[PDB]
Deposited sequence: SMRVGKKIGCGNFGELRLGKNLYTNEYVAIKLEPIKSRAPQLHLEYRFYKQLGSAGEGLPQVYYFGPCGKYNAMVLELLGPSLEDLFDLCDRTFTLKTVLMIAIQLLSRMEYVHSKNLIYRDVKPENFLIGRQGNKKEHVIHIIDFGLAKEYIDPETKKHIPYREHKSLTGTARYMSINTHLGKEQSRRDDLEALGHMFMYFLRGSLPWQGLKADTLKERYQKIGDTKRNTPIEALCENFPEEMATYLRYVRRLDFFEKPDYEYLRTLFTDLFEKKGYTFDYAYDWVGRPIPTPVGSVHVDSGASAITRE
């Protein structure tokens, strides 16, 4: 409605509706308290700037600066997330929808990697369609670069070294090697995507809803269960290509450049085999799509 409206409640701050005075267009204002003892917003801004707004499926970024008691980052206003659309579609997606998502997100993640960044926060909440009117509703955008990292050193142009005993993104989708505390690299982004694709097809993953003693133990139980769930069991009654995908990405080496084209062709060949047309008729098309604003 009017600018200044709260349009999102984030983990580190909030999201408000703004206007671009140059165009009269609505924009998104991401806010983080200046008092934050774990500031993330400026890091994110710097990453967005390294990516640029050239490659498709990245929000345009306009501004970073202090705004009252907040730091403010202003960027392109988008539509709902894949998780919201998953909820709208009663928490399963068709194969056709999942393949259209997968093919696009493989290009998106490749682009991110091409800019020397690893993403490290794959989850459905972080992939948003464009707004309805704005003719980019078919485009799946990647957002939230707060957990990202430069994996090629700017100075030496060398890949970051291998390391262990690391922190611990989001437990539901993270790679097995992330659970083991290994430094994440390009492979881990692709494995998390694969877990997300299987989440969409199945409706859930078998390491969801586990009970723990503490956060530490839940991460442990989830990681243990991922290892104990064979890909064959995980992908039972879905096309073999899903299992082929998971095997490939699980078997990538730390420094290895993924063959993104191989993975996209795996899904495109299945897409053609099934007789599907890439018409952007996702499952949610024809349903009432949430919109952040009208005008």
| query | finding |
| --- | --- |
| Chain regions without C-alpha coordinates, deposited sequence numbering | 1, 170, 298 to 310 |
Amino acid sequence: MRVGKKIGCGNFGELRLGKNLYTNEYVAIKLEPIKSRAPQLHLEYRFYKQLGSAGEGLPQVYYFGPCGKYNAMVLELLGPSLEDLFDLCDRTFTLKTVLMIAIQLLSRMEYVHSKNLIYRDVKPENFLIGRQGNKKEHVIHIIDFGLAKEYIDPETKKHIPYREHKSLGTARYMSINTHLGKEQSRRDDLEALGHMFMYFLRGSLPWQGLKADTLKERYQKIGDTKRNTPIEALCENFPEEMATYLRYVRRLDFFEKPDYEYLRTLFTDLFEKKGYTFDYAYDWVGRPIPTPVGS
From here on, numbers count along this sequence of modelled residues.
item: Stretch with the greater mean C-alpha B-factor as recorded in the entry, comparing 208 to 216 against 170 to 178; value: 208 to 216
item: Selected stretch [higher average CA B-factor]: 61 to 69 or 48 to 56; value: 48 to 56
item: Chain thirds of CA B-factor: placement of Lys123; value: middle
item: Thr92, C-alpha B-factor rank within chain (lowest, middle or highest third); value: middle
item: Where the record places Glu25 (Cα B-factor, split into thirds across the chain); value: lowest
item: B-factor third for the C-alpha atom of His42 within its chain; value: lowest
item: Within-chain third of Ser185 by Cα B-factor, per the entry; value: lowest
